[PDB]
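Quick heads-up: it's one chain on its own, the form deposited in one PDB entry, in structure tokens.
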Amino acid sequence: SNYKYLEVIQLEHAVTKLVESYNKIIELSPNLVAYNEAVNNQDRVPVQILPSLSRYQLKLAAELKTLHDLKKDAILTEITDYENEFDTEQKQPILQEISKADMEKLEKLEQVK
């Protein structure tokens, strides 16, 4: 079989966290302008925050929030609303990056199998 219970529960969990996490970031994070201003003046940053600047997580957050403010989100934005456009009776992709062309290309790669 394809799907195993153990695989399913981890997937549901991962998708749930995935969405919850991107949301928290967009909620909490400033864009790169505030980030850059902080890193070029570190003497005015509170000390417990200084190590955060040596690590990747904050910049990535700022960069993501940036893409958001610039409306280049798209794949990530669709994800946050995906649950709400999900319907058991619509059988084809809710992501518009998957067009009807890509779909059959794949069906016959596992149909060759």
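One rule holds for the numbers: they count along the sequence shown, beginning at 1. Only residues modelled in both forms are compared. C-alpha atoms forming the largest set that superposes within 1.5 Å between two forms make up the rigid core.
Judged by mean Cα B factor in the deposited record, 95-103 ranks above the other of 7-15 and 95-103. Between 48-56 and 84-92, the higher mean Cα B-factor belongs to 84-92. Per the deposited record, the Cα B-factor of residue 73 falls in the highest third when ranked against the other modelled residues of its chain. Remark: residue 27 belongs to the lowest third of its chain, ranked by C-alpha B-factor as recorded. Sort the chain's modelled residues by C-alpha temperature factor and residue 37 lands in the middle third, per the entry.
Form deposited in another entry: not shown, discussed below.
Fitting the two forms on the rigid core leaves the C-alpha of residue 24 displaced by under 2 angstroms between the shown form and the other one. Once the rigid core is overlaid between the shown form and the other one, residue 103 counts among the residues whose Cα shifts by 2 Å or more.
In the other entry, the Cα-Cα separation between residue 105 and residue 12 shrinks by 3 Å or more relative to the displayed conformation. Once the core is fitted, the segment that moves between the shown form and the other one, counting only runs of three or more residues with each CA displaced by at least 2 angstroms, is 96-110 alone.
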